[PDB]
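**Student:** Below you'll find the structure I mean.
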Amino acid sequence: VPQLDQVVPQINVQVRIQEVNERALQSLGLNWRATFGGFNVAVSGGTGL
Amino acid sequence: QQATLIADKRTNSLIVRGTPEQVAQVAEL
């Protein structure tokens, strides 16, 4: 009995959960159309020449 | 037989109860 009735420790536990996210985007595009004699040229990004 | 084992979760105590030979075997483990 003296051993099973002793004081046991009391504790406080701290947990920290930390989460960080970052992003970065960068677009750039030229999209033209030229018309000289007889010719018709169109340059884009989706379709090419 | 085999020695009686008593486990207390609150105090983390192991209690072995048996013949003196059966108790010295747990004591060395």
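For the record, the sequence lines run as chains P1 and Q1. According to PDB author numbering, the first sequence is numbered sequentially starting from 495. According to PDB author numbering, the second sequence is numbered sequentially starting from 466. Positions of the beta carbon are idealized from the N, C-alpha and C atoms, including for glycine.
I need the straight-line Cα distance from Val491 (chain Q1) to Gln512 (chain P1), nearest angstrom please.
**Tutor:** Translated into positions along the second sequence, residue 491 (chain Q1) becomes position 26. Translated into positions along the first sequence, residue 512 (chain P1) becomes position 18. Near 46 Å, if we compare the C-alpha coordinates of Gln512 (chain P1) and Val491 (chain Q1).
**Student:** Could you spell out the range, first to last residue, of the beta strand (DSSP E) harbouring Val537 (chain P1)?
**Tutor:** Within the first sequence, residue 537 (chain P1) is the residue found at index 43, counting from 1. Residues 533 to 537.
**Student:** For the putative contact between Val502 (chain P1) and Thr476 (chain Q1), defined by C-beta atoms under 8 Å, what is the C-beta separation to the nearest angstrom?
**Tutor:** Position 8 of the first sequence, counting from 1, holds the residue named residue 502 (chain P1). Position 11 of the second sequence, counting from 1, holds the residue named residue 476 (chain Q1). Between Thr476 (chain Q1) and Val502 (chain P1) the Cβ distance is about 6 Å, and since that is below 8 Å, they are a contact.
**Student:** Along the stretch 468 to 482 of chain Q1, where does the CB come closer than 7 Å to a CB of chain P1? Name the residues.
**Tutor:** Residues passing the 7 Å Cβ filter: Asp473, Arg475, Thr476, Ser478.
**Student:** Going straight from the alpha carbon of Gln497 (chain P1) to that of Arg510 (chain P1), what length do you get?
**Tutor:** Translated into positions along the first sequence, residue 497 (chain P1) becomes position 3. Translated into positions along the first sequence, residue 510 (chain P1) becomes position 16. One C-alpha to the other measures close to 36 Å.
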